[PDB]
Amino acid sequence: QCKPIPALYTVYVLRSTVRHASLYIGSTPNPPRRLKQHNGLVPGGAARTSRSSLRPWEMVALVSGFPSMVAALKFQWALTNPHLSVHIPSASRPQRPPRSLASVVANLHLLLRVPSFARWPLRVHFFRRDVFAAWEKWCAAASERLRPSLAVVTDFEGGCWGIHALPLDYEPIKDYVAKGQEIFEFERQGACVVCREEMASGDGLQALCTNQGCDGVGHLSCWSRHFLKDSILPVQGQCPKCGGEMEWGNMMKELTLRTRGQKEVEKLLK
Amino acid sequence: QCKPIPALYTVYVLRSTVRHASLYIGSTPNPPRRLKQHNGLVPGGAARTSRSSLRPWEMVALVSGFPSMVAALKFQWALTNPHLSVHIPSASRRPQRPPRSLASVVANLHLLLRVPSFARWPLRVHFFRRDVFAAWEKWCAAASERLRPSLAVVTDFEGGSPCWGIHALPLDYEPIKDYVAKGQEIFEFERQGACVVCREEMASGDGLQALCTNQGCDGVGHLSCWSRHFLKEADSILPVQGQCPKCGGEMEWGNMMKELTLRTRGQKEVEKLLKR
Amino acid sequence: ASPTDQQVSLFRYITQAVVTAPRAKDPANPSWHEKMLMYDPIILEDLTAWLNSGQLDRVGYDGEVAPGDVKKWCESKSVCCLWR
Amino acid sequence: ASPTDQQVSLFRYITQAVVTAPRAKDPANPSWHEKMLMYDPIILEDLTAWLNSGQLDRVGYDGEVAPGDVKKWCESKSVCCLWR
DNA sequence: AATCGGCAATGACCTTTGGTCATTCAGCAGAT
Ligand SMILES: [Ca+2]
Ligand SMILES: [Ca+2]
Ligand SMILES: [Zn+2]
Ligand SMILES: [Zn+2]
Ligand SMILES: [Zn+2]
Ligand SMILES: [Zn+2]
């Protein structure tokens with residue numbers, strides 16, 4: 001595929017600030033811009049949110065870290081259509097609002113555990129106290145816990161916040177990317193930290209340790225066999241060189257950015 | 001005591017029709033008159049119920065069958081202050097504070113009917129609103145301790161299939177008029193014969209002689225023979241339900257004592273009931 | 001040997017004392033047992049005094065009963081009582 | 001055999017065929033395994049064609065796998081997939 | 001004096017135009 005892993009892509013839970021019982025599920029790489037579309041300040045809002053008496057809307061929660069627009073668009077469909085989403089791996093093939101906030105939370109809790117989405121490098125954000133409360137209430141009643149890998153974060157107002165504190169670009173990894181460009185432009189990649197084989201410039205996919213100040217590089221297929229030391233998609237892992245913990249999602253963001261988004265990198269480094 | 005068992009004495013649950021959260025607990029032998037007192041059509045009402053913003057009030061449920069006014073006042077105090085009421089047999093000696101919620105009234109009323117001090121009283125629970133009756137059933141379903149089958153829980157919702165609800169509850173002894181008339185004819189003419197339990201002749205005036213409650217049946221017995229026959233349970237003193245050895249009909253101990261104390265201590269309410 | 005069991009044995013002596021007393025010959029003057037069967041509200045110090053006036057000794061219990069113990073007994077029996 | 005055991009055995013053949021294929025020399029031409037490792041959305045009929053053109057027979061499985069069976073495989077491994 | 005849990009009222013939905021379902025969203029009375 002021609003594109004790198006997107007900076008930000010989200011599936012969000014929109015709610016009316018006027019009737020809390022009115023909800024809506026969507027996806028966007030630009031949460032602030034899309035919220036303005038729902039509130040009528042920018043053309044392009046959905047039909048359900050068009051209603052004057054329901055504006056303004058708010059984004060009370062969202063899942064981010066989807067590694068493609070397709071991945072987000074599929075999670076968004078399964079969350080909008082819980083009665084049609086079959087979570088057993090299957091050979092298969094306006095918006096009606098959700099029933100309640102409690103059903104969105106239960107189905108979101110379900111979706112983050114089903115095999116289709118269990119290993120995606122995702123993260124849940126909660127921006128309102130009462131929505132986060134219903135989430136914790138369901139999590140405590142449930143027996144099957146969530147991945148420790150799956151970070152669930154909050155950002156309540158008080159003490160730029162919410163979707164307006166989410167970075168819409170590649171700035172959060174800009175240091176990591178800078179480390180990457182200089183390691184490979186000057187051919188300082190050495191040997192694979194796993195198989196101990198020399199890695200000539202341009203010889204397959206060479207992934208870079210995400211911890212700052214460490215220059216450990218390895219063949220992509222070696223890095224994954226190391227994290228998984230059955231299963232295909234790695235999640236969390238430790239660098240054999242620096243000993244630091246790594247998320248497999250961040251390591252792929254940089255690799256695809258270095259390999260398929262060269263123009264995106266030069267713009268980041270300015 | 002001196003007076004017979006009352007015709008009707010109740011402990012009720014008052015609720016506002018303007019705010020369902022406002023509740024009140026009372027006791028009365030005349031539910032219809034006491035409602036009119038709460039709502040300001042009759043002098044003598046309560047102070048918590050004086051707010052005309054909260055009126056009209058209604059009686060959503062009540063417990064009837066109390067054999068004493070004292071028995072009602074005790075049960076009414078326990079239902080009013082569940083946080084002070086010790087339900088373990090204790091060597092010890094009006095909601096101005098309204099009850100927390102209907103669920104808490106339902107839950108505490110359910111408890112009061114199961115504890116030793118009130119368990120074997122000849123009580124009966126009445127429900128007049130569907131939503132209060134549903135809260136009650138919701139609690140009984142969750143609870144693992146069943147109420148005794150001997151204790152009746154009846155409903156009377158408006159309409160269906162007139163005076164309904166509390167206005168259908170009889171205020172006098174008319175519900176037992178035949179039974180009382182059967183007793184007078186039996187004893188005025190010395191037809192009690194011998195005790196159906198111990199087989200001993202019972203001369204007129206020789207102790208307390210209780211009469212089977214079933215229509216057309218003669219069974220008279222010594223008061224303490226009936227009870228020993230009824231209780232033939234574990235450790236108990238107060239019979240609840242029994243069977244007549246003569247006609248085989250099922251009896252409630254409370255109904256029989258109501259006639260006994262009428263014939264024995266309430267001779268002039270008898271003559272008014274029979275108009276004799 | 002036990003405080004829950006001795007209170008059970010004490011209550012058996014009170015029960016037998018009440019239950020085995022002779023019955024009323026005058027229905028206007030019922031025995032304590034017949035007062036309970038008819039749901040007479042039981043004045044505690046009255047029944048208390050009656051049990052300690054030879055009744056417990058009759059049914060084989062040497063010792064005095066306290067009105068609170070008689071109150072516990074009534075409540076355990078659903079017998080309605082009161083303080084004078 | 002069991003219907004869920006014929007699957008668990010088939011899925012290990014698809015896995016072995018996928019993970020034992022040579023890694024790319026041109027990073028712009030990743031193998032099917034590296035496409036999954038980088039969360040490339042998998043086009044079902046393309047991977048199905050790849051598995052049915054010697055890779056399954058290479059790993060000891062005589063038999064053509066169905067596209068929807070490759071889809072089941074991707075869903076069970078959290079591998080993003082899609083139809084064409 | 002500010003909170004407070006539980007209700008009464010209200011809005012949205014997809015039409016069976018009103019019986020659902022949810023909410024308390026710039027509420028609400030009453031009680032502490
Ligand atoms: Ca904050
Ligand atoms: Ca002695
Ligand atoms: Zn290697
Ligand atoms: Zn490292
Ligand atoms: Zn007899
Ligand atoms: Zn009979």
# chains A, B, ... in the order shown; residues from 1 in each chain; ligands from 1
>>> calpha_fit_and_write(fixed="chain D", moving="chain C", output="PDB file with N, CA and C atoms, in the first residue's frame")
ATOM      1  N   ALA C   1     -10.901 -35.342  11.816  1.00  0.00           N
ATOM      2  CA  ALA C   1     -12.035 -36.032  12.417  1.00  0.00           C
ATOM      3  C   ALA C   1     -13.042 -35.029  12.959  1.00  0.00           C
ATOM      4  N   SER C   2     -12.587 -33.798  13.156  1.00  0.00           N
ATOM      5  CA  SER C   2     -13.380 -32.758  13.787  1.00  0.00           C
ATOM      6  C   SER C   2     -13.441 -31.522  12.903  1.00  0.00           C
ATOM      7  N   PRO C   3     -14.566 -30.796  12.917  1.00  0.00           N
ATOM      8  CA  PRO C   3     -14.649 -29.554  12.134  1.00  0.00           C
ATOM      9  C   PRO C   3     -14.044 -28.348  12.829  1.00  0.00           C
ATOM     10  N   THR C   4     -13.948 -28.356  14.162  1.00  0.00           N
ATOM     11  CA  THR C   4     -13.245 -27.284  14.857  1.00  0.00           C
ATOM     12  C   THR C   4     -11.742 -27.524  14.887  1.00  0.00           C
ATOM     13  N   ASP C   5     -11.316 -28.787  14.841  1.00  0.00           N
ATOM     14  CA  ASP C   5      -9.898 -29.122  14.874  1.00  0.00           C
ATOM     15  C   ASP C   5      -9.257 -29.080  13.493  1.00  0.00           C
ATOM     16  N   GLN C   6      -9.987 -29.492  12.453  1.00  0.00           N
ATOM     17  CA  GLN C   6      -9.445 -29.396  11.102  1.00  0.00           C
ATOM     18  C   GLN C   6      -9.299 -27.945  10.665  1.00  0.00           C
ATOM     19  N   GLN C   7     -10.184 -27.065  11.140  1.00  0.00           N
ATOM     20  CA  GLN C   7     -10.019 -25.640  10.881  1.00  0.00           C
ATOM     21  C   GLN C   7      -8.842 -25.069  11.660  1.00  0.00           C
ATOM     22  N   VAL C   8      -8.490 -25.688  12.788  1.00  0.00           N
ATOM     23  CA  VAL C   8      -7.289 -25.285  13.511  1.00  0.00           C
ATOM     24  C   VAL C   8      -6.043 -25.766  12.779  1.00  0.00           C
ATOM     25  N   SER C   9      -6.080 -26.991  12.249  1.00  0.00           N
ATOM     26  CA  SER C   9      -4.931 -27.515  11.517  1.00  0.00           C
ATOM     27  C   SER C   9      -4.757 -26.806  10.180  1.00  0.00           C
ATOM     28  N   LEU C  10      -5.864 -26.446   9.524  1.00  0.00           N
ATOM     29  CA  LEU C  10      -5.764 -25.673   8.290  1.00  0.00           C
ATOM     30  C   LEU C  10      -5.106 -24.325   8.542  1.00  0.00           C
ATOM     31  N   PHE C  11      -5.460 -23.675   9.652  1.00  0.00           N
ATOM     32  CA  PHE C  11      -4.901 -22.364   9.955  1.00  0.00           C
ATOM     33  C   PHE C  11      -3.419 -22.453  10.297  1.00  0.00           C
ATOM     34  N   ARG C  12      -2.967 -23.601  10.810  1.00  0.00           N
ATOM     35  CA  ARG C  12      -1.541 -23.784  11.065  1.00  0.00           C
ATOM     36  C   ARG C  12      -0.760 -23.880   9.762  1.00  0.00           C
ATOM     37  N   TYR C  13      -1.359 -24.491   8.734  1.00  0.00           N
ATOM     38  CA  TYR C  13      -0.717 -24.552   7.425  1.00  0.00           C
ATOM     39  C   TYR C  13      -0.649 -23.175   6.778  1.00  0.00           C
ATOM     40  N   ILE C  14      -1.695 -22.362   6.942  1.00  0.00           N
ATOM     41  CA  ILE C  14      -1.669 -21.010   6.393  1.00  0.00           C
ATOM     42  C   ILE C  14      -0.632 -20.164   7.119  1.00  0.00           C
ATOM     43  N   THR C  15      -0.600 -20.253   8.450  1.00  0.00           N
ATOM     44  CA  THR C  15       0.384 -19.504   9.224  1.00  0.00           C
ATOM     45  C   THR C  15       1.798 -19.843   8.775  1.00  0.00           C
ATOM     46  N   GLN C  16       2.133 -21.135   8.745  1.00  0.00           N
ATOM     47  CA  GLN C  16       3.480 -21.535   8.351  1.00  0.00           C
ATOM     48  C   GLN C  16       3.794 -21.095   6.928  1.00  0.00           C
ATOM     49  N   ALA C  17       2.808 -21.161   6.031  1.00  0.00           N
ATOM     50  CA  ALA C  17       3.030 -20.723   4.656  1.00  0.00           C
ATOM     51  C   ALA C  17       3.411 -19.247   4.606  1.00  0.00           C
ATOM     52  N   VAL C  18       2.639 -18.400   5.291  1.00  0.00           N
ATOM     53  CA  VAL C  18       2.932 -16.969   5.328  1.00  0.00           C
ATOM     54  C   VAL C  18       4.266 -16.715   6.021  1.00  0.00           C
ATOM     55  N   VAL C  19       4.466 -17.337   7.184  1.00  0.00           N
ATOM     56  CA  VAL C  19       5.554 -16.957   8.078  1.00  0.00           C
ATOM     57  C   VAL C  19       6.918 -17.358   7.520  1.00  0.00           C
ATOM     58  N   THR C  20       7.005 -18.503   6.846  1.00  0.00           N
ATOM     59  CA  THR C  20       8.287 -19.053   6.423  1.00  0.00           C
ATOM     60  C   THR C  20       8.688 -18.649   5.008  1.00  0.00           C
ATOM     61  N   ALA C  21       7.868 -17.870   4.312  1.00  0.00           N
ATOM     62  CA  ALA C  21       8.271 -17.377   3.008  1.00  0.00           C
ATOM     63  C   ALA C  21       9.450 -16.416   3.162  1.00  0.00           C
ATOM     64  N   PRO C  22      10.338 -16.350   2.166  1.00  0.00           N
ATOM     65  CA  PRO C  22      11.480 -15.432   2.264  1.00  0.00           C
ATOM     66  C   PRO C  22      11.030 -13.981   2.365  1.00  0.00           C
ATOM     67  N   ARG C  23      11.844 -13.183   3.049  1.00  0.00           N
ATOM     68  CA  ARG C  23      11.507 -11.796   3.319  1.00  0.00           C
ATOM     69  C   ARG C  23      11.854 -10.912   2.125  1.00  0.00           C
ATOM     70  N   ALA C  24      11.285  -9.709   2.123  1.00  0.00           N
ATOM     71  CA  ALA C  24      11.492  -8.781   1.021  1.00  0.00           C
ATOM     72  C   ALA C  24      12.942  -8.331   0.951  1.00  0.00           C
ATOM     73  N   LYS C  25      13.504  -8.354  -0.256  1.00  0.00           N
ATOM     74  CA  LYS C  25      14.787  -7.709  -0.504  1.00  0.00           C
ATOM     75  C   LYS C  25      14.617  -6.248  -0.888  1.00  0.00           C
ATOM     76  N   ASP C  26      13.482  -5.906  -1.497  1.00  0.00           N
ATOM     77  CA  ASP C  26      13.128  -4.532  -1.811  1.00  0.00           C
ATOM     78  C   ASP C  26      12.070  -4.074  -0.821  1.00  0.00           C
ATOM     79  N   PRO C  27      12.384  -3.159   0.102  1.00  0.00           N
ATOM     80  CA  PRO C  27      11.389  -2.755   1.111  1.00  0.00           C
ATOM     81  C   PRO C  27      10.109  -2.192   0.519  1.00  0.00           C
ATOM     82  N   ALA C  28      10.144  -1.715  -0.726  1.00  0.00           N
ATOM     83  CA  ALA C  28       8.929  -1.282  -1.403  1.00  0.00           C
ATOM     84  C   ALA C  28       8.024  -2.446  -1.781  1.00  0.00           C
ATOM     85  N   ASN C  29       8.512  -3.680  -1.687  1.00  0.00           N
ATOM     86  CA  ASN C  29       7.760  -4.867  -2.090  1.00  0.00           C
ATOM     87  C   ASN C  29       7.813  -5.899  -0.970  1.00  0.00           C
ATOM     88  N   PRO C  30       7.097  -5.655   0.128  1.00  0.00           N
ATOM     89  CA  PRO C  30       7.158  -6.574   1.267  1.00  0.00           C
ATOM     90  C   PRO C  30       6.411  -7.867   0.991  1.00  0.00           C
ATOM     91  N   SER C  31       6.843  -8.925   1.672  1.00  0.00           N
ATOM     92  CA  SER C  31       6.128 -10.188   1.620  1.00  0.00           C
ATOM     93  C   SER C  31       4.778 -10.050   2.318  1.00  0.00           C
ATOM     94  N   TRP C  32       3.910 -11.042   2.100  1.00  0.00           N
ATOM     95  CA  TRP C  32       2.599 -11.019   2.742  1.00  0.00           C
ATOM     96  C   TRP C  32       2.733 -10.953   4.256  1.00  0.00           C
ATOM     97  N   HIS C  33       3.729 -11.647   4.812  1.00  0.00           N
ATOM     98  CA  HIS C  33       3.966 -11.588   6.250  1.00  0.00           C
ATOM     99  C   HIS C  33       4.346 -10.181   6.685  1.00  0.00           C
ATOM    100  N   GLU C  34       5.194  -9.508   5.906  1.00  0.00           N
ATOM    101  CA  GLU C  34       5.617  -8.163   6.277  1.00  0.00           C
ATOM    102  C   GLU C  34       4.506  -7.145   6.052  1.00  0.00           C
ATOM    103  N   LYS C  35       3.592  -7.419   5.119  1.00  0.00           N
ATOM    104  CA  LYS C  35       2.425  -6.557   4.974  1.00  0.00           C
ATOM    105  C   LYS C  35       1.552  -6.614   6.222  1.00  0.00           C
ATOM    106  N   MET C  36       1.360  -7.811   6.779  1.00  0.00           N
ATOM    107  CA  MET C  36       0.553  -7.945   7.986  1.00  0.00           C
ATOM    108  C   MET C  36       1.219  -7.267   9.175  1.00  0.00           C
ATOM    109  N   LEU C  37       2.532  -7.456   9.335  1.00  0.00           N
ATOM    110  CA  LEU C  37       3.238  -6.828  10.448  1.00  0.00           C
ATOM    111  C   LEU C  37       3.148  -5.309  10.391  1.00  0.00           C
ATOM    112  N   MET C  38       3.052  -4.737   9.194  1.00  0.00           N
ATOM    113  CA  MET C  38       2.917  -3.297   9.029  1.00  0.00           C
ATOM    114  C   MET C  38       1.464  -2.850   8.929  1.00  0.00           C
ATOM    115  N   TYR C  39       0.516  -3.751   9.200  1.00  0.00           N
ATOM    116  CA  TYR C  39      -0.922  -3.468   9.156  1.00  0.00           C
ATOM    117  C   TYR C  39      -1.397  -3.036   7.771  1.00  0.00           C
ATOM    118  N   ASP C  40      -0.762  -3.526   6.714  1.00  0.00           N
ATOM    119  CA  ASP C  40      -1.334  -3.359   5.384  1.00  0.00           C
ATOM    120  C   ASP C  40      -2.696  -4.045   5.350  1.00  0.00           C
ATOM    121  N   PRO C  41      -3.774  -3.347   4.988  1.00  0.00           N
ATOM    122  CA  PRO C  41      -5.057  -4.037   4.788  1.00  0.00           C
ATOM    123  C   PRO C  41      -4.924  -5.106   3.713  1.00  0.00           C
ATOM    124  N   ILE C  42      -5.256  -6.339   4.084  1.00  0.00           N
ATOM    125  CA  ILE C  42      -4.958  -7.514   3.272  1.00  0.00           C
ATOM    126  C   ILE C  42      -6.110  -7.756   2.303  1.00  0.00           C
ATOM    127  N   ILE C  43      -5.843  -7.596   1.009  1.00  0.00           N
ATOM    128  CA  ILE C  43      -6.838  -7.951   0.006  1.00  0.00           C
ATOM    129  C   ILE C  43      -6.913  -9.472  -0.069  1.00  0.00           C
ATOM    130  N   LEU C  44      -8.090 -10.019   0.246  1.00  0.00           N
ATOM    131  CA  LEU C  44      -8.218 -11.450   0.509  1.00  0.00           C
ATOM    132  C   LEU C  44      -7.919 -12.285  -0.730  1.00  0.00           C
ATOM    133  N   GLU C  45      -8.564 -11.975  -1.856  1.00  0.00           N
ATOM    134  CA  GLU C  45      -8.358 -12.778  -3.057  1.00  0.00           C
ATOM    135  C   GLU C  45      -6.915 -12.735  -3.537  1.00  0.00           C
ATOM    136  N   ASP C  46      -6.145 -11.730  -3.120  1.00  0.00           N
ATOM    137  CA  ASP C  46      -4.725 -11.685  -3.445  1.00  0.00           C
ATOM    138  C   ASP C  46      -3.933 -12.678  -2.603  1.00  0.00           C
ATOM    139  N   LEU C  47      -4.085 -12.618  -1.277  1.00  0.00           N
ATOM    140  CA  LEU C  47      -3.438 -13.613  -0.427  1.00  0.00           C
ATOM    141  C   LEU C  47      -4.000 -15.004  -0.692  1.00  0.00           C
ATOM    142  N   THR C  48      -5.311 -15.095  -0.944  1.00  0.00           N
ATOM    143  CA  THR C  48      -5.930 -16.375  -1.269  1.00  0.00           C
ATOM    144  C   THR C  48      -5.262 -17.013  -2.480  1.00  0.00           C
ATOM    145  N   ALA C  49      -5.103 -16.244  -3.559  1.00  0.00           N
ATOM    146  CA  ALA C  49      -4.470 -16.774  -4.761  1.00  0.00           C
ATOM    147  C   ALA C  49      -3.021 -17.163  -4.498  1.00  0.00           C
ATOM    148  N   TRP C  50      -2.322 -16.385  -3.666  1.00  0.00           N
ATOM    149  CA  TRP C  50      -0.912 -16.654  -3.394  1.00  0.00           C
ATOM    150  C   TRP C  50      -0.727 -17.968  -2.644  1.00  0.00           C
ATOM    151  N   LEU C  51      -1.629 -18.275  -1.710  1.00  0.00           N
ATOM    152  CA  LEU C  51      -1.508 -19.508  -0.938  1.00  0.00           C
ATOM    153  C   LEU C  51      -1.750 -20.740  -1.801  1.00  0.00           C
ATOM    154  N   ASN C  52      -2.636 -20.640  -2.786  1.00  0.00           N
ATOM    155  CA  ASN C  52      -2.965 -21.765  -3.650  1.00  0.00           C
ATOM    156  C   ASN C  52      -2.048 -21.872  -4.861  1.00  0.00           C
ATOM    157  N   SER C  53      -1.059 -20.986  -4.986  1.00  0.00           N
ATOM    158  CA  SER C  53      -0.111 -21.004  -6.094  1.00  0.00           C
ATOM    159  C   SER C  53       1.201 -21.689  -5.723  1.00  0.00           C
ATOM    160  N   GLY C  54       1.148 -22.685  -4.844  1.00  0.00           N
ATOM    161  CA  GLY C  54       2.320 -23.437  -4.436  1.00  0.00           C
ATOM    162  C   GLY C  54       2.673 -23.321  -2.970  1.00  0.00           C
ATOM    163  N   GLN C  55       2.109 -22.356  -2.244  1.00  0.00           N
ATOM    164  CA  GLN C  55       2.542 -22.105  -0.873  1.00  0.00           C
ATOM    165  C   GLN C  55       2.061 -23.196   0.077  1.00  0.00           C
ATOM    166  N   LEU C  56       0.765 -23.517   0.035  1.00  0.00           N
ATOM    167  CA  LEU C  56       0.244 -24.580   0.887  1.00  0.00           C
ATOM    168  C   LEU C  56       0.913 -25.908   0.565  1.00  0.00           C
ATOM    169  N   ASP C  57       1.119 -26.183  -0.725  1.00  0.00           N
ATOM    170  CA  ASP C  57       1.840 -27.383  -1.134  1.00  0.00           C
ATOM    171  C   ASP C  57       3.263 -27.378  -0.593  1.00  0.00           C
ATOM    172  N   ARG C  58       3.883 -26.199  -0.527  1.00  0.00           N
ATOM    173  CA  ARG C  58       5.245 -26.092  -0.017  1.00  0.00           C
ATOM    174  C   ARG C  58       5.329 -26.550   1.434  1.00  0.00           C
ATOM    175  N   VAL C  59       4.393 -26.096   2.267  1.00  0.00           N
ATOM    176  CA  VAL C  59       4.416 -26.391   3.694  1.00  0.00           C
ATOM    177  C   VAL C  59       3.604 -27.645   3.992  1.00  0.00           C
ATOM    178  N   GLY C  60       3.370 -28.466   2.973  1.00  0.00           N
ATOM    179  CA  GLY C  60       2.839 -29.799   3.183  1.00  0.00           C
ATOM    180  C   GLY C  60       1.334 -29.932   3.226  1.00  0.00           C
ATOM    181  N   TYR C  61       0.593 -29.035   2.583  1.00  0.00           N
ATOM    182  CA  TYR C  61      -0.866 -29.111   2.547  1.00  0.00           C
ATOM    183  C   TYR C  61      -1.317 -29.204   1.092  1.00  0.00           C
ATOM    184  N   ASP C  62      -1.720 -30.403   0.679  1.00  0.00           N
ATOM    185  CA  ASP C  62      -2.371 -30.598  -0.609  1.00  0.00           C
ATOM    186  C   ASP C  62      -3.851 -30.276  -0.456  1.00  0.00           C
ATOM    187  N   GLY C  63      -4.337 -29.348  -1.256  1.00  0.00           N
ATOM    188  CA  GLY C  63      -5.704 -28.871  -1.161  1.00  0.00           C
ATOM    189  C   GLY C  63      -5.752 -27.374  -1.391  1.00  0.00           C
ATOM    190  N   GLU C  64      -6.940 -26.889  -1.727  1.00  0.00           N
ATOM    191  CA  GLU C  64      -7.140 -25.485  -2.046  1.00  0.00           C
ATOM    192  C   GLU C  64      -7.806 -24.770  -0.878  1.00  0.00           C
ATOM    193  N   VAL C  65      -7.422 -23.517  -0.672  1.00  0.00           N
ATOM    194  CA  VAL C  65      -7.975 -22.688   0.391  1.00  0.00           C
ATOM    195  C   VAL C  65      -9.022 -21.763  -0.212  1.00  0.00           C
ATOM    196  N   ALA C  66     -10.116 -21.560   0.517  1.00  0.00           N
ATOM    197  CA  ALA C  66     -11.168 -20.681   0.031  1.00  0.00           C
ATOM    198  C   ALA C  66     -11.019 -19.297   0.644  1.00  0.00           C
ATOM    199  N   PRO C  67     -11.331 -18.238  -0.110  1.00  0.00           N
ATOM    200  CA  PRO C  67     -11.104 -16.879   0.417  1.00  0.00           C
ATOM    201  C   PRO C  67     -11.790 -16.622   1.747  1.00  0.00           C
ATOM    202  N   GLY C  68     -12.949 -17.236   1.989  1.00  0.00           N
ATOM    203  CA  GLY C  68     -13.591 -17.089   3.284  1.00  0.00           C
ATOM    204  C   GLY C  68     -12.805 -17.751   4.398  1.00  0.00           C
ATOM    205  N   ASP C  69     -12.192 -18.901   4.109  1.00  0.00           N
ATOM    206  CA  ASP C  69     -11.312 -19.534   5.085  1.00  0.00           C
ATOM    207  C   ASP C  69     -10.106 -18.653   5.380  1.00  0.00           C
ATOM    208  N   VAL C  70      -9.539 -18.031   4.343  1.00  0.00           N
ATOM    209  CA  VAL C  70      -8.464 -17.064   4.537  1.00  0.00           C
ATOM    210  C   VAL C  70      -8.973 -15.846   5.296  1.00  0.00           C
ATOM    211  N   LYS C  71     -10.243 -15.485   5.105  1.00  0.00           N
ATOM    212  CA  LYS C  71     -10.818 -14.375   5.861  1.00  0.00           C
ATOM    213  C   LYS C  71     -10.980 -14.741   7.332  1.00  0.00           C
ATOM    214  N   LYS C  72     -11.510 -15.937   7.608  1.00  0.00           N
ATOM    215  CA  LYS C  72     -11.572 -16.427   8.982  1.00  0.00           C
ATOM    216  C   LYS C  72     -10.200 -16.382   9.642  1.00  0.00           C
ATOM    217  N   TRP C  73      -9.168 -16.834   8.921  1.00  0.00           N
ATOM    218  CA  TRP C  73      -7.820 -16.880   9.480  1.00  0.00           C
ATOM    219  C   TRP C  73      -7.336 -15.489   9.864  1.00  0.00           C
ATOM    220  N   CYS C  74      -7.520 -14.513   8.971  1.00  0.00           N
ATOM    221  CA  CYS C  74      -7.070 -13.153   9.253  1.00  0.00           C
ATOM    222  C   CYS C  74      -7.759 -12.594  10.489  1.00  0.00           C
ATOM    223  N   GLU C  75      -9.081 -12.759  10.569  1.00  0.00           N
ATOM    224  CA  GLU C  75      -9.819 -12.232  11.709  1.00  0.00           C
ATOM    225  C   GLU C  75      -9.394 -12.912  13.001  1.00  0.00           C
ATOM    226  N   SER C  76      -9.095 -14.210  12.942  1.00  0.00           N
ATOM    227  CA  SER C  76      -8.562 -14.885  14.117  1.00  0.00           C
ATOM    228  C   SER C  76      -7.190 -14.352  14.513  1.00  0.00           C
ATOM    229  N   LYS C  77      -6.452 -13.745  13.579  1.00  0.00           N
ATOM    230  CA  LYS C  77      -5.098 -13.262  13.827  1.00  0.00           C
ATOM    231  C   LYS C  77      -5.019 -11.758  14.057  1.00  0.00           C
ATOM    232  N   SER C  78      -6.157 -11.066  14.129  1.00  0.00           N
ATOM    233  CA  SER C  78      -6.247  -9.606  14.157  1.00  0.00           C
ATOM    234  C   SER C  78      -5.687  -8.960  12.897  1.00  0.00           C
ATOM    235  N   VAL C  79      -5.413  -9.748  11.863  1.00  0.00           N
ATOM    236  CA  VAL C  79      -4.923  -9.218  10.598  1.00  0.00           C
ATOM    237  C   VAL C  79      -6.096  -8.595   9.851  1.00  0.00           C
ATOM    238  N   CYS C  80      -5.991  -7.298   9.579  1.00  0.00           N
ATOM    239  CA  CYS C  80      -7.044  -6.548   8.912  1.00  0.00           C
ATOM    240  C   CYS C  80      -7.084  -6.886   7.428  1.00  0.00           C
ATOM    241  N   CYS C  81      -8.272  -7.238   6.933  1.00  0.00           N
ATOM    242  CA  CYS C  81      -8.434  -7.668   5.553  1.00  0.00           C
ATOM    243  C   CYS C  81      -9.670  -7.024   4.933  1.00  0.00           C
ATOM    244  N   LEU C  82      -9.814  -7.212   3.621  1.00  0.00           N
ATOM    245  CA  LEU C  82     -10.960  -6.690   2.889  1.00  0.00           C
ATOM    246  C   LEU C  82     -11.165  -7.501   1.615  1.00  0.00           C
ATOM    247  N   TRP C  83     -12.380  -7.414   1.079  1.00  0.00           N
ATOM    248  CA  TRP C  83     -12.696  -7.974  -0.225  1.00  0.00           C
ATOM    249  C   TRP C  83     -12.400  -6.945  -1.306  1.00  0.00           C
ATOM    250  N   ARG C  84     -11.870  -7.414  -2.429  1.00  0.00           N
ATOM    251  CA  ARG C  84     -11.561  -6.528  -3.545  1.00  0.00           C
ATOM    252  C   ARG C  84     -12.832  -6.094  -4.272  1.00  0.00           C
TER     253      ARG C  84
END
>>> select_by_dssp(residues="region 68-175 of chain A", states="alpha helix (DSSP H)", output="ChimeraX atom specification")
/A:69-80,101-111,129-141,174-175
>>> closest_residue(among="A:140, A:193, A:122, A:114", to="ligand 3", atoms="only C-alpha atoms and all ligand atoms")
A:193
>>> closest_atom_pairs(of="chain A", to="ligand 3", cutoff="10 Å", atoms="only C-alpha atoms and all ligand atoms", output="CSV")
residue,atom,partner,partner_atom_place_in_ligand_line,distance
A:191,CA,ligand 3,1 (Zn),7.8
A:192,CA,ligand 3,1 (Zn),4.6
A:193,CA,ligand 3,1 (Zn),6.8
A:194,CA,ligand 3,1 (Zn),5.2
A:195,CA,ligand 3,1 (Zn),4.0
A:196,CA,ligand 3,1 (Zn),6.2
A:197,CA,ligand 3,1 (Zn),5.8
A:198,CA,ligand 3,1 (Zn),8.3
A:199,CA,ligand 3,1 (Zn),8.2
A:206,CA,ligand 3,1 (Zn),8.6
A:207,CA,ligand 3,1 (Zn),9.9
A:217,CA,ligand 3,1 (Zn),8.7
A:218,CA,ligand 3,1 (Zn),5.2
A:219,CA,ligand 3,1 (Zn),4.4
A:220,CA,ligand 3,1 (Zn),7.5
A:221,CA,ligand 3,1 (Zn),7.1
A:222,CA,ligand 3,1 (Zn),4.7
A:223,CA,ligand 3,1 (Zn),7.3
A:224,CA,ligand 3,1 (Zn),10.0
A:225,CA,ligand 3,1 (Zn),9.5
A:226,CA,ligand 3,1 (Zn),9.8
